[PDB]
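Accompanying notes for the structure given below.
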Number of protein chains: 2
Amino acid sequence: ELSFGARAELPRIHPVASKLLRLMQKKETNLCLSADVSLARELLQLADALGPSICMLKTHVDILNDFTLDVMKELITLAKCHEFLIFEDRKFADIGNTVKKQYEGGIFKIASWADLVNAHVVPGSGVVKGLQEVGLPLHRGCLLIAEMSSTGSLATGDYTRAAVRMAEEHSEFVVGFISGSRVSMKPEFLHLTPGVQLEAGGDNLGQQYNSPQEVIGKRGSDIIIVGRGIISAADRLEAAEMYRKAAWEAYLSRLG
Amino acid sequence: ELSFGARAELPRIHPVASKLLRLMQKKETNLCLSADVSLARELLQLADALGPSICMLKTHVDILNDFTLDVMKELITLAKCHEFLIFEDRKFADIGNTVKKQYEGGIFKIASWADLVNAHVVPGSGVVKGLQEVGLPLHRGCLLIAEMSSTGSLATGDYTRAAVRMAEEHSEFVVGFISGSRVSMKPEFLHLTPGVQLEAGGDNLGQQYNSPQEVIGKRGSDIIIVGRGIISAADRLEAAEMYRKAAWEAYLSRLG
Ligand SMILES: O=C(O)c1cc(=O)[nH]c(=O)n1[C@@H]1O[C@H](COP(=O)(O)O)[C@@H](O)[C@H]1O
Ligand SMILES: O=C(O)c1cc(=O)[nH]c(=O)n1[C@@H]1O[C@H](COP(=O)(O)O)[C@@H](O)[C@H]1O
């Protein structure tokens, strides 16, 4: 198993994955903040304060009440300052012809500011083809959703294998997966795992939690995605540091 | 097999389905326009001119370059005038806690103006639970994506059966499906079928077309969803009338 720094140099590494892996090793962070807030001011204050602790800030631009492209300009300034990637968790899941417009256009212009986006594989590989026609020219990357954290997920067995094949056949654009575990044996591919909290439990709408030690250490994933475990805490900086130290030590102990 | 007018009166019918089925029978239309345009002025001019020919106008609010909630106010005025439902084809596909915010909030406030939305079933039933916590109080309905028109679709076999079970277990909110065919044997549930053109063919990004006669007449669906077959035509009114007459006659001939 290679360190994040060595994976950043693999011959077939995507430039976006390389940039991410480099700053993960430099900053000793494999934490992605899920900035699940409705106010631009809270999004930007979290990005600034937690920026040093995170490798990535995950957005849902479509729950932000006061979205403007200028908010995203301010977010990019913080991402550059503190060295993290921006991941818009849009979960593209339509035919190729539709997702290309949803990615490039409309009010959000996601491709203009998001380093990473993700897509469901259920529509077939046209979803990736459509996104890549916008994303390749704009030097972006994509994650495929191979497994989900929610109760009753149908992303199991042959579905997960199809996601891995689709990623591996589109390595020019696909840099990894949303998954609960290592699903690809190819080290050029990032594994990002949501459904993470230090304590056992869930929410009232099908979310299920596992710990950083379980998903990084035992299940072999690279990055934890954490929302409420940080966002709902009083001191979001100390919460982020707890999650960072947990995920980083779990990674180190798997390396040996 | 019951007429649309008789299905509108079924004991377990959802109010949104009833309203739709009534206006389908009144207007002799089972055509849903896929208004896949980037300009509000074009969206509204299509809605006004084609309103009499359609039972439903399907939107992708996130490809509209000049979206404002006022554009949707003008769309509702036309929907009321001409008697059609508004369907936002958002394809919600996240955990329940996330989709409730994506449906109610952000810039689009989809639940405030959309009669219908749709969701993927891959995350499990929490996607429906989350949407229904916004949609039930706002008297809205939802369609579940049981089959897809695109090449390589994984929405087959056990996946399609899971979508039908999920719909049937959430009949308070779920009024039907996006599908290629009749997938539910319960007549209270609408079947809407995209991937429709009069001529054989496809697009360059995995879209596959079947005719109105095939999907309404042979495959037993209720409503055709048509984008480019109308939108790319010079005379979009005559194109809409051709699709309406095709879908309506296919429906009548299945009734006998
Ligand atoms: O793509 C994702 O990040 C995602 C996939 C998944 O399987 N589960 C999952 O929870 N998510 C997202 O990750 C975040 C989880 O947030 P918390 O449950 O608050 O930690 C939410 O923004 C979800 O939309
Ligand atoms: O939910 C949908 O309407 C949808 C599902 C699907 O399986 N296939 C499909 O094409 N669609 C949508 O229906 C429309 C098809 O448009 P045309 O191919 O131009 O007729 C697009 O807006 C797609 O996003």
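All residue names refer to the structure tokens as shown: chains lettered A, B, ... in order, residues numbered from 1 in each chain, ligands numbered from 1 in order.
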Compute the set of protein, DNA and RNA residues whose minimum atom distance to ligand 1 is at most 7 Å, using only C-alpha atoms and all ligand atoms, and state it as a PDB file with C-alpha atoms, in the first residue's frame.
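The result, stored in part.pdb:
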```pdb
ATOM      1  CA  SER A  34     -19.862  18.244   4.384  1.00  0.00           C
ATOM      2  CA  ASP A  36     -24.556  21.260   4.874  1.00  0.00           C
ATOM      3  CA  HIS A  60     -24.867  21.145  -1.811  1.00  0.00           C
ATOM      4  CA  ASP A  89     -22.283  16.663  -4.255  1.00  0.00           C
ATOM      5  CA  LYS A  91     -25.270  13.351  -7.754  1.00  0.00           C
ATOM      6  CA  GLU A 147     -22.117   2.325  -2.478  1.00  0.00           C
ATOM      7  CA  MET A 148     -24.412   4.502  -0.344  1.00  0.00           C
ATOM      8  CA  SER A 149     -24.674   4.972   3.434  1.00  0.00           C
ATOM      9  CA  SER A 150     -28.508   4.943   3.623  1.00  0.00           C
ATOM     10  CA  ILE A 178     -18.342   7.565  -3.135  1.00  0.00           C
ATOM     11  CA  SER A 179     -18.303   4.211  -1.310  1.00  0.00           C
ATOM     12  CA  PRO A 194     -19.912   9.462   4.007  1.00  0.00           C
ATOM     13  CA  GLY A 195     -22.108   8.202   6.861  1.00  0.00           C
ATOM     14  CA  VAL A 196     -19.340   8.883   9.426  1.00  0.00           C
ATOM     15  CA  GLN A 197     -19.580   9.842  13.119  1.00  0.00           C
ATOM     16  CA  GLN A 207     -28.719   7.694   7.479  1.00  0.00           C
ATOM     17  CA  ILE A 225     -17.098  12.835   4.620  1.00  0.00           C
ATOM     18  CA  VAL A 226     -18.574  14.348   7.812  1.00  0.00           C
ATOM     19  CA  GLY A 227     -21.588  16.682   8.065  1.00  0.00           C
ATOM     20  CA  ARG A 228     -23.639  16.827  11.289  1.00  0.00           C
ATOM     21  CA  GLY A 229     -20.846  15.231  13.408  1.00  0.00           C
TER      22      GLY A 229
ATOM     23  CA  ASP B  94     -29.596  11.571  -1.952  1.00  0.00           C
ATOM     24  CA  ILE B  95     -30.238  10.613   1.669  1.00  0.00           C
ATOM     25  CA  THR B  98     -30.494  16.101   2.166  1.00  0.00           C
TER      26      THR B  98
END
```
Using 12 Å as the limit and counting only C-alpha atoms and all ligand atoms, can you tabulate each residue of chain A that touches ligand 2, with its shortest atom-to-atom distance in Å and the two atoms involved, as CSV?
```
residue,atom,partner,partner_atom_place_in_ligand_line,distance
A:92,CA,ligand 2,24 (O),10.8
A:93,CA,ligand 2,24 (O),9.1
A:94,CA,ligand 2,24 (O),5.5
A:95,CA,ligand 2,24 (O),5.6
A:96,CA,ligand 2,24 (O),8.3
A:97,CA,ligand 2,24 (O),7.4
A:98,CA,ligand 2,24 (O),5.0
A:99,CA,ligand 2,24 (O),7.7
A:100,CA,ligand 2,24 (O),10.5
A:101,CA,ligand 2,24 (O),10.1
A:102,CA,ligand 2,24 (O),9.9
A:122,CA,ligand 2,7 (O),10.1
A:123,CA,ligand 2,7 (O),7.4
A:124,CA,ligand 2,7 (O),10.4
A:126,CA,ligand 2,8 (N),11.2
A:127,CA,ligand 2,24 (O),10.6
A:130,CA,ligand 2,24 (O),11.8
```
Okay, now the selection with C-alpha atoms, as a short mmCIF file (atom, residue, chain, number, x, y, z; two decimals), in the first residue's frame?
```cif
data_model
loop_
_atom_site.label_atom_id
_atom_site.label_comp_id
_atom_site.auth_asym_id
_atom_site.auth_seq_id
_atom_site.Cartn_x
_atom_site.Cartn_y
_atom_site.Cartn_z
CA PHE A 92 -25.90 13.77 -11.48
CA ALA A 93 -28.28 10.97 -12.48
CA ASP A 94 -29.91 11.82 -15.84
CA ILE A 95 -29.22 11.04 -19.49
CA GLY A 96 -25.91 12.37 -20.88
CA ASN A 97 -27.54 15.16 -22.92
CA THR A 98 -29.29 16.55 -19.79
CA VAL A 99 -26.41 16.29 -17.28
CA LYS A 100 -24.02 18.22 -19.58
CA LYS A 101 -26.35 21.27 -19.31
CA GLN A 102 -26.95 20.74 -15.55
CA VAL A 122 -27.81 3.76 -12.71
CA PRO A 123 -28.45 5.61 -16.07
CA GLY A 124 -25.47 3.84 -17.72
CA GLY A 126 -23.88 8.14 -20.92
CA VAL A 127 -24.08 10.06 -17.59
CA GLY A 130 -22.15 13.82 -20.91
#
```
Separation of atom CA of residue 44 of chain B from atom CA of residue 74 of chain B in Å =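 Between atom CA of residue 74 of chain B and atom CA of residue 44 of chain B the gap is 7.4 Å.
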Name the residues of segment 83-160 of chain B that come out as strand (DSSP E or B) in a backbone DSSP run; write them as number ranges by chain.
-> B: 85-92, 116-120, 141-145, 150
Do a neighbour search on residue 139 of chain B at 9 Å with only C-alpha atoms, toss out local chain neighbours closer than 6 positions, and write the hits as a PyMOL selection string.
-> chain B and resi 15-16+115+173
In segment 88-168 of chain A, DSSP alpha helix (DSSP H) residues written as a ChimeraX atom specification | /A:96-104,110-113,126-135,158-168
Which is closest to residue 180 of chain A among A:38, A:125, A:211, A:29, if we use only C-alpha atoms?
->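 Using only C-alpha atoms, residue 180 of chain A sits closest to A:211.
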Between atom CA of residue 86 of chain B and atom CA of residue 7 of chain B lies a distance of 20.1 Å
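Ranking B:168, B:214, B:188, B:158 by their shortest atom-to-atom distance to chain A, with only C-alpha atoms included, puts B:158 first.
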Work out how far apart atom CA of residue 253 of chain A and atom CA of residue 143 of chain A are and give it in Å to one decimal.
->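 Straight-line distance from atom CA of residue 253 of chain A to atom CA of residue 143 of chain A works out to 25.7 Å.
Counting only C-alpha atoms, the residue from B:134, B:76, B:17, B:183 that sits nearest to residue 159 of chain B is B:183.
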Using only C-alpha atoms: which of A:190, A:231, A:163, A:237 has the shortest distance to residue 13 of chain A = A:190
